[PDB]
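Undergrad: Chains as they are written, first to last, in PDB author numbering: chain Y, 1 to 7; chain X, 1 to 7; chain Z, 1 to 7; chain C, 6 to 374; chain E, 6 to 232, 236 to 374; chain D, 6 to 374; chain B, 6 to 374; chain A, 6 to 231, 235 to 374. Backbone N, C-alpha and C fix where the C-beta goes; we use that ideal spot for every residue, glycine too. Please see the structure below; I have some questions.
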Amino acid sequence: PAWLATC
Amino acid sequence: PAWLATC
Amino acid sequence: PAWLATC
Amino acid sequence: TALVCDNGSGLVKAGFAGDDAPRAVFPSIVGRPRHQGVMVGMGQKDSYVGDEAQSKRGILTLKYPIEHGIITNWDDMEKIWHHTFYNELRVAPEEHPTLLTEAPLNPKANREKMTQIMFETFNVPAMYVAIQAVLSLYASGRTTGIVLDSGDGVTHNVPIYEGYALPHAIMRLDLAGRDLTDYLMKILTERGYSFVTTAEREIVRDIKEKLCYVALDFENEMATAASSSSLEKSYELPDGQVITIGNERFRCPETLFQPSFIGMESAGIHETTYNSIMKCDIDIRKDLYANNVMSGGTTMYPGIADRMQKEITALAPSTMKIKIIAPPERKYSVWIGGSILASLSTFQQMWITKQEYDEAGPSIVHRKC
Amino acid sequence: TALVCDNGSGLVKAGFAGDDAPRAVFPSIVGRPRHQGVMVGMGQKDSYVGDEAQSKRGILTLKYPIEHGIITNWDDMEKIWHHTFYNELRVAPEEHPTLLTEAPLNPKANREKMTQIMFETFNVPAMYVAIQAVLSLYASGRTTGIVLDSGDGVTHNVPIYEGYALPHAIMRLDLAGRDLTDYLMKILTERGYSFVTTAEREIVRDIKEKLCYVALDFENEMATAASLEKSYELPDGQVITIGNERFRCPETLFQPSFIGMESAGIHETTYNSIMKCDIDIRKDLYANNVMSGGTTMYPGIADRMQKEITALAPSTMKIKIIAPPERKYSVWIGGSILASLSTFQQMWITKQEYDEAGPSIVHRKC
Amino acid sequence: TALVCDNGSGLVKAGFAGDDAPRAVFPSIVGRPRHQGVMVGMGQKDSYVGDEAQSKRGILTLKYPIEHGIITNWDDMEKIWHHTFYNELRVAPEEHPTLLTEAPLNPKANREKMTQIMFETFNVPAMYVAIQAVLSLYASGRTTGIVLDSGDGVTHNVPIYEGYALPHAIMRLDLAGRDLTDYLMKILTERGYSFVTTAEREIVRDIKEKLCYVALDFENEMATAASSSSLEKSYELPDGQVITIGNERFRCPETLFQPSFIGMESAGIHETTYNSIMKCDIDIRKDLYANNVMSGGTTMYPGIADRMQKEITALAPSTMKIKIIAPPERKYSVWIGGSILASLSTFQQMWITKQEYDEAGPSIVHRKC
Amino acid sequence: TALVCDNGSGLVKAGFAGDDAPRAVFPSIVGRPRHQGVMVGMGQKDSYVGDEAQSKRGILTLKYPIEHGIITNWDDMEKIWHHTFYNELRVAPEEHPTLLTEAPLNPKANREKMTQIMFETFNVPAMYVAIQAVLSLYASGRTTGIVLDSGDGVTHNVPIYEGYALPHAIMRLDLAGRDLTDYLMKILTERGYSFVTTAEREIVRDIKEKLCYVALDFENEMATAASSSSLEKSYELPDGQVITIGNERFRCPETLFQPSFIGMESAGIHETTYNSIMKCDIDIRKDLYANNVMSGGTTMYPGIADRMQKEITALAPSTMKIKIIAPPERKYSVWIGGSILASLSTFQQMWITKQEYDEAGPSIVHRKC
Amino acid sequence: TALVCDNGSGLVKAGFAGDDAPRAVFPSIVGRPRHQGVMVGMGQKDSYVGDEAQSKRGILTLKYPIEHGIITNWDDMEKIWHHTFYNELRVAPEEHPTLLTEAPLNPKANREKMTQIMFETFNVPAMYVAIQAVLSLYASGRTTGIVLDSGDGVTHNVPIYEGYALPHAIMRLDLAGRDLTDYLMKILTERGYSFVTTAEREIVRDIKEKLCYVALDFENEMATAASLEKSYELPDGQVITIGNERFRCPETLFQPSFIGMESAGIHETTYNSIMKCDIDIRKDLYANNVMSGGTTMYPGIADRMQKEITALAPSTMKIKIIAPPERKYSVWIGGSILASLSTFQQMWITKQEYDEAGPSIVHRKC
Ligand SMILES: Nc1ncnc2c1ncn2[C@@H]1O[C@H](COP(=O)(O)OP(=O)(O)O)[C@@H](O)[C@H]1O
Ligand SMILES: Nc1ncnc2c1ncn2[C@@H]1O[C@H](COP(=O)(O)OP(=O)(O)O)[C@@H](O)[C@H]1O
Ligand SMILES: Nc1ncnc2c1ncn2[C@@H]1O[C@H](COP(=O)(O)OP(=O)(O)O)[C@@H](O)[C@H]1O
Ligand SMILES: Nc1ncnc2c1ncn2[C@@H]1O[C@H](COP(=O)(O)OP(=O)(O)O)[C@@H](O)[C@H]1O
Ligand SMILES: Nc1ncnc2c1ncn2[C@@H]1O[C@H](COP(=O)(O)OP(=O)(O)O)[C@@H](O)[C@H]1O
Ligand SMILES: [Mg+2]
Ligand SMILES: [Mg+2]
Ligand SMILES: [Mg+2]
Ligand SMILES: [Mg+2]
Ligand SMILES: [Mg+2]
């Protein structure tokens, strides 16, 4: 979620 | 009573 | 409401 | 032959395993009389239950035993199961397995007490309690999709990829078709119509499920209907009066996509599906975006099935197509899935038996199902 | 065998249970002599109760013991009950259960004193007191409808849906036949005839009972009447002619403002009685309007009430004014029904309960 | 200088913004003479309004324009506003603002037509319609509390935590002193006294206002009064006859805590305050339990605050303290709060001016109030 | 005098260098009001930030600007930095140098935008951003150990032999106390207690902080609690209710040692520490096994400090000595190490000054740290 | 007809001898389901091997059975061999002779257990385990060269003059594409992309295969990039942009200090393996530099070696880096060449030889 790509 | 419909 | 605790 | 009961919080849908339509459809209410009965030799027994307690609506106190999926009053839910097995189906439950149902993320006392009542007060030979949103995939036949169930108390997404469900990504929202009725009966007041009691909740629900539709652009529709346009709908009350609800016809199910109307902090059903997809893995997401299965009675509006496809595409990636599967016999889909699942030769070893029950107690549904 | 005594306020309609017409029908007046007798070797006892007072009417003063449903004089209501038991039905009441009656929304001293008299004076084994409109719905066989009772003191609506009465919506109005008799003998004075005393009231009542009729369109009849006359023969060879005052006398039922009553007519204490019921109940309470009592026997009302409730009820709802032709004794027919059911034998007020709790058990039961 | 007219449904309490007590306290009744006057001098008039209709009570037909908070008759409510502005306050409304009032959950036609009459007939410079249970909190000076208001019609319940009112938990009931008078004059007939007319409602109301009291334990008081005790109170009529009601003085206000006497399906005013608290958040409940403001006329019974505390302590958790506040000047509390709220320098930008009304008509009140 | 702040995703710990305890401990939440405020004449600012937003949390919509160590929103993070400098510390930032922190393996945009906001908005003379796991070794005083820092979003394993970090052997895991609070409020629903909103997430965190312990033998504890035993613990909600949780006391911090409960594929903290040790050299391992430092808030359970020593000795060589260095003041250990490192004469030339910043822009943070 | 399989640490390449390209390649992956299967029709097979495990990445926990050439888990390797025979070629192993392979300087337990499994489970009539780097020279046709094999686990140089492989001048370096992918998914963390799981390592490998290229002048490229940007689309619809981190990933092959290795690059271990030979051999070993494997398929790997070995070579020496375009399956091509020889026909290991002295016959016959 918080990143950019994954999670 | 005295509403527009019910009561 | 209708649970056990909250709601 | 097995029995497929679907205990909803507002509609009991029962029948036999192997059919294609539920044989017993009647609401889940138990009516108590609240008035002085002065006759004699009269058939006013004690308490009416089901569709019998909708004819004598003006005298009765209509109580729903199930609320938000969980069961609150266990004495009259026993009455509803007794009425369903005898007066509406006419079958002895000592000769039939029974396939029950439950919303996910429920309290664990419901499974145990439902098993204890079905095994000790009804003496079924076998029983099994499933999860609602799994069965809507059995009904569609596919085994890949994210099932959006709704209808009278519970609204929950369960993603399933290839027969493997992801329980770390299931969501559950308590915003289904009871809060829409209680919001419609409160937004009706500002026009002039004051429906208050439990007998008038049925009239508000009968308004809701045949006039209310879901808008596409809510801010465009609230400016269109603000002009004197062709949106009003006269509805004939059971005493004779007509009521013209023009503007509060799409404001009732726009609560489903903006839950701040009742003061809930949550996001709408278009965003507990996107988050429930984004909690799944990257290989799973591509053909979870393309299989959105709707279910339940609340998803039977003239709108939503092409409004979810507009709201999810606003926050999905651009090169990922969406297909909201609306199989328009979807109101009984959680029963069609139970009729399919109970009629399989692969399934018959999954039944909780009586000999398992007397050696494990009602704590065996936590390790089964 | 039980006793069904519809102890009304204009006449006493008593009889035996299980039948379909009362044995005793006679007015409830206790006439007393007012002049001085001179013939020594005669009768002339002390007082004449019933139709004997109508026979010796000119020498008498006729007192009504019941006024607007409540019993005002207990010393001769005991006389009327004694007369109806012995001299008219000829039964010792120590071997018979009795079924009394009462208008709704009454003072609760009546329910106590009637029970106290029926147990401590006549020694009834077991009694019960009903309501005049539940029995009127028992008579028609239904269990669904709204009743409208009338006759010398009370006019009340008791709506029942399925045996479940709605006791927060029982309108009571005191505008029955005695207040029409007293308006007829007041509106006849403009023509010239002056009826004053109690015998003249008993003549004006007989004028009302056969020459008066309810109009349909009141202003149309008041315009037609200025162009319809009748002729009643007084009991000494004399004729009067009432032309206009035969629909103005029962028009007070639909317009109570003629005697200064603030309340609305009987077409608006039925609509307002339905409009306090619930929206499921109104759909058939519109379509089941039972009628009972004496003052609904005009050649009018049963077509005028439909005409003036159809202008108040919503236009998509049909209205059936159920007017049985044998409706004058409908409360008694319902009482003979209600005392002939095997479900009812555990509903009486036995002598043991009266010895245990006293006459305060009548509000507890019934 | 602004004007504060708490236009109630049973009493019109108007005055000047800045004081602490209303100048004009008089009921809202318009009397039409039902009799025939024969005196060729002056002798009579056409329609008396206010306390003239209570002075000439015998020959008149007393008619309340407002029923249950909603205005039903706009012709004589204009007469009552005209009477209050001229004959009782002696001002010109073209040089004064006006702070009106309204119960929560009303039809929008009240808010529209009240603005239209105040601007197009009396020609006020500015106006603003408040809501009653906010102004009781303004009068008490708090910002945290759940306000119970009553008096001749509506009985509503508005919870406010820090100024942020929670409008999804505002219960509204119609069980106030009008419906208590119509039950007292129906339970008096059991004793023998038959009060019928509209002039004789103003005597049963005067019986209620000084003999009726709220019990503590209702089933204990109904067993105490079964013996002849000190509950009897002799009240005399306008003519010299006396009546003695012993038992029916804690059964008229018992309809508040038990609405099943009048056939209402609702629960009592303690339960629609416990439910109004339980629809709030867990942080808010702790200091809404300890701040219970009572307002309105029908809360001036003797034992009402102790009965409310006893019947909320059985519903709240035992480790949470309750404090039913009740000032002695709670009858005019809405007017005191109106005089406070109109006398703020913060508020002078919150008026609906004439210039806003000229450009969008009487529809700015929904977006401005 | 220099400033040492510890920007975590949970609490913000700040103060002056040279001390031994932070002056300012308050959570990193910014709350927005979601209800309509009608108490005109009050103080109702549009954004509450800090422990005051935890005080008035029943109205607010609480939101953490940091998720999993990285900053999602810079608008209400500048609010928290402004509140920390001004309201809670009462110092202008134009005089003092600042010392921030960062989790390892974070994106470069965090360092760049943090430098840009600290220099071009608060105008500090000098700044420096360290790594959150070196400072625990600095506070412990050792130059040898493998630091396990874990609180609210991240979990590191940074080995340092003698002042030489091994960047090919650091392990980052996103499994700290935020996911434990979410799993606790998802597993409480099985018993009956249903916590949904952010205002109830803040209650479930307070349940977790004072009732959850880490088990030693998980199967034996799950077999013990299956019998009716003394593992139950009652907790009182802020409105008055009591909740009893018997089994989910160790099931909430068992996700740290079995991350397959929340659906994570990774290995537990006992195995990532072992893999971080085995990624080092053989001469380094002999005294990396002996010095196992812990830090952060999630290492403050009554369990883990003697379950880690069991689970690493289960898979270490038998002749190797393991000693988990768990000081009791380890919650503020990162700030203690920051206050030590900022009060050094050797560190005084390691600052990123204002002159060298604008000569190279905000990209100097990648080479100077 | 003989069988030639190339059990690499990456993808298993198998097929029939005497052919030119392998029959079917697929990755050496055995995945297990890690979620709860709630269905009854399907959700089966309990473990997926090879290509279906790469198809269902989301459910499965993929796990390679070979790490740096050695075989850690023997159970799933039996699954992979059984799949590669049966489901991929549909041949009984009892009929055909099988040609295996092995990286040099492996533990001898690999050869022993490989022989034991290939005889006592598949009943192969004749096996032979070869060495990977000689098969590249057999595919190239020469007998002169130094083979820079580089697959997924291992990377090793074997110099061969004309036959007579020098076993003292052979290096081995564990720095291959798996260690490049584990560094790429750690260098992608700077831009903001976090790949954690095995199913995301299977995406980072796909990013490395088609966007990473070997730079020529590393400092000049690092100064230039501060437009080298490319865009890859993740399989859920999301795009990523990696400009700088596509020549830094294969730069670890020439600077092993990035991932913390003491060793030297492939341009330097090749030079040390050349200089460990005699003096006369270098004049042709410099001129013949064979490369193989999949990790030598970057855009510019051959040019970088040709540039950087000449920086540390004598100036009068010429270097030709033999980079065939079909070098990804060159070890299998050499196996298919070498298995179709009448000279090699006598070089097998029969079942009768294995029945004597157990599985240690490959320690003398290989
Ligand atoms: N045609 C309809 N249109 C919109 N809503 C409907 C319609 N029919 C039923 N509903 C709503 O769905 C609810 C019942 O549907 P259902 O999904 O079967 O509930 P449950 O799962 O509890 O059995 C009703 O309460 C009603 O609010
Ligand atoms: N055919 C009639 N037409 C008009 N009025 C009648 C008629 N018959 C009876 N009445 C009136 O009704 C009164 C008696 O009716 P009844 O219902 O028996 O009164 P109660 O029930 O109190 O005994 C009479 O006094 C008379 O005024
Ligand atoms: N001292 C009192 N005791 C009991 N009831 C009262 C008392 N005073 C007024 N009431 C009742 O309250 C009603 C008026 O109260 P009020 O609050 O002024 O109504 P509103 O809010 O509409 O103006 C009256 O009709 C009466 O029934
Ligand atoms: N007494 C406690 N026991 C266990 N966990 C705690 C305790 N106190 C706080 N925590 C957890 O640690 C987190 C905050 O601790 P902290 O190390 O300061 O995080 P950060 O470094 O990001 O600021 C909280 O979210 C909480 O889940
Ligand atoms: N076209 C390519 N470009 C760059 N690297 C590749 C390419 N193809 C494969 N690789 C890398 O080499 C490995 C597989 O190649 P291969 O030599 O066949 O392995 P093995 O020798 O174990 O069979 C993969 O892990 C991948 O990282
Ligand atoms: Mg359902
Ligand atoms: Mg009668
Ligand atoms: Mg008021
Ligand atoms: Mg920290
Ligand atoms: Mg290879």
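Does at least one heavy atom of ligand 5 sit under 7 Å from the Cβ of residue 216 (chain A)?
TA: Within the eighth sequence, residue 216 (chain A) is the residue found at index 211, counting from 1. Residue 216 (chain A): no, Cβ never under 7 Å from ligand 5.
Undergrad: Does the contact criterion of 3 or more C-beta pairs under 8 Å hold for the segment 197-208 of chain D versus the segment 285-300 of chain D?
TA: no
Undergrad: Which whole-angstrom value is the C-beta distance of residue 307 (chain A) and residue 218 (chain A), which I expect to be below 8 Å?
TA: Here residue 307 (chain A) corresponds to residue number 299 of the eighth sequence, with the count starting at 1. Here residue 218 (chain A) corresponds to residue number 213 of the eighth sequence, with the count starting at 1. About 4 Å separates the beta carbons of residue 307 (chain A) and residue 218 (chain A), which is inside the 8 Å limit, making them a contact pair.
Undergrad: Whether or not the segment 137-144 of chain B and the segment 229-248 of chain B are in contact is what I'm after, with contact meaning three or more pairs of Cβ atoms, one per stretch, closer than 8 Å; do they touch?
TA: When Cβ pairs closer than 8 Å are counted between the two stretches, the segment 229-248 of chain B is seen not to touch the segment 137-144 of chain B, the count staying below three.
Undergrad: If you measure from the CB of residue 9 (chain A), is any heavy atom of ligand 10 nearer than 7 Å?
TA: Here residue 9 (chain A) is taken as the residue at index 4 of the eighth sequence, counted from 1. For ligand 10, not one heavy atom lies less than 7 Å from the Cβ of residue 9 (chain A).
Undergrad: If I measure Cβ to Cβ from residue 312 (chain B) and keep anything under 6 Å in the same chain, skipping five residues before and after, which residues do I get?
TA: For this step, residue 312 (chain B) is matched to residue 307 along the seventh sequence. Take residue 312 (chain B), set aside five residues on each side of it, and the residues of its chain with a beta-carbon closer than 6 Å to its own are 219, 221, in chain order.
Undergrad: Going by the CB atoms, is the gap between residue 32 (chain E) and residue 340 (chain E) shorter than 8 Å?
TA: Translated into the one-based positions of the fifth sequence, residue 340 (chain E) becomes position 332. Translated into the one-based positions of the fifth sequence, residue 32 (chain E) becomes position 27. No, the Cβ-Cβ distance between residue 340 (chain E) and residue 32 (chain E) is not below 8 Å.
Undergrad: If the cut-off is 7 Å on Cβ atoms, which residues from the segment 316-346 of chain D count as contacting chain C, listed in chain order?
TA: none
Undergrad: I want to know whether the segment 351-361 of chain E touches the segment 121-135 of chain E - three or more CB-CB distances under 8 Å.
TA: yes
Undergrad: Are residue 10 (chain C) and residue 142 (chain C) close, meaning C-beta to C-beta below 8 Å?
TA: Within the fourth sequence, numbered from 1, the residue matching residue 10 (chain C) stands at position 5. Within the fourth sequence, numbered from 1, the residue matching residue 142 (chain C) stands at position 137. No, the pair does not count as a contact, with Cβ atoms beyond the cut-off.
Undergrad: Give a yes or no on whether 8 Å exceeds the smallest Cβ distance from residue 424 (chain C) to chain X.
TA: What the structure shows of chain C is the stretch from 6 to 374, and residue 424 (chain C) is not part of that stretch, so it cannot be assessed.
Undergrad: With a cut-off of 8 Å, does the C-beta of residue 226 (chain C) fall near any C-beta of chain B?
TA: For this step, residue 226 (chain C) is matched to residue 221 along the fourth sequence. No - not a single Cβ of chain B is within 8 Å of the one on residue 226 (chain C).
Undergrad: Residues around ligand 9, please: the ones whose beta-carbon is closer than 6 Å to some heavy atom of it, in chain order.
TA: B:13, B:137, B:154, B:156, B:301, B:339
Undergrad: Measuring alpha carbon to alpha carbon, tell me which residue in C:268, C:272, C:282 is nearest residue 285 (chain D).
TA: Here residue 285 (chain D) refers to the residue found at position 280 of the sixth sequence. Of the candidates C:268, C:272, C:282, the one whose C-alpha sits nearest the C-alpha of residue 285 (chain D) is C:268.
Undergrad: Short of 7 Å Cβ to Cβ, which residues in the segment 257-286 of chain B face chain C?
TA: 267, 268
Undergrad: Rank A:23, A:121, A:321 by C-alpha distance to the C-alpha of residue 276 (chain A) and give the top, closest one.
TA: Translated into positions along the eighth sequence, residue 276 (chain A) becomes position 268. That would be A:321, whose Cα lies nearest to the Cα of residue 276 (chain A).
Undergrad: For residue 101 (chain D) and residue 314 (chain C), I'd like the C-alpha separation in whole angstroms.
TA: By 1-based counting over the sixth sequence, the position of residue 101 (chain D) is 96. By 1-based counting over the fourth sequence, the position of residue 314 (chain C) is 309. About 55 Å.
Undergrad: Taking a contact to mean a Cβ-Cβ separation below 8 Å, would you say residue 211 (chain C) touches residue 181 (chain C) in this structure?
TA: On the fourth sequence, position 206 is the one that residue 211 (chain C) refers to. On the fourth sequence, position 176 is the one that residue 181 (chain C) refers to. It is not a contact, given that the beta carbons lie outside the stated cut-off.
Undergrad: Between the alpha carbons of residue 332 (chain B) and residue 370 (chain C), how many angstroms are there, rounded?
TA: Within the seventh sequence, numbered from 1, the residue matching residue 332 (chain B) stands at position 327. Within the fourth sequence, numbered from 1, the residue matching residue 370 (chain C) stands at position 365. Their backbone Cα atoms lie some 45 Å apart in a straight line.
Undergrad: According to DSSP, is residue 92 (chain A) helix, strand or coil?
TA: Residue numbering aside, residue 92 (chain A) sits at position 87 when the eighth sequence is read from its first letter. The answer is helix: DSSP assigns residue 92 (chain A) an H, G or I state.
Undergrad: Can you give the Cα-Cα distance for residue 3 (chain Y) and residue 77 (chain C), rounded to whole angstroms?
TA: Looking up residue 3 (chain Y) in the first sequence gives position 3. Looking up residue 77 (chain C) in the fourth sequence gives position 72. Near 43 Å, if we compare the C-alpha coordinates of residue 77 (chain C) and residue 3 (chain Y).
Undergrad: Quick one: is the Cβ of residue 315 (chain C) within less than 7 Å of any heavy atom of ligand 4?
TA: Mapped onto the fourth sequence, residue 315 (chain C) falls at position 310. Flag unset: Cβ of residue 315 (chain C) not near ligand 4.
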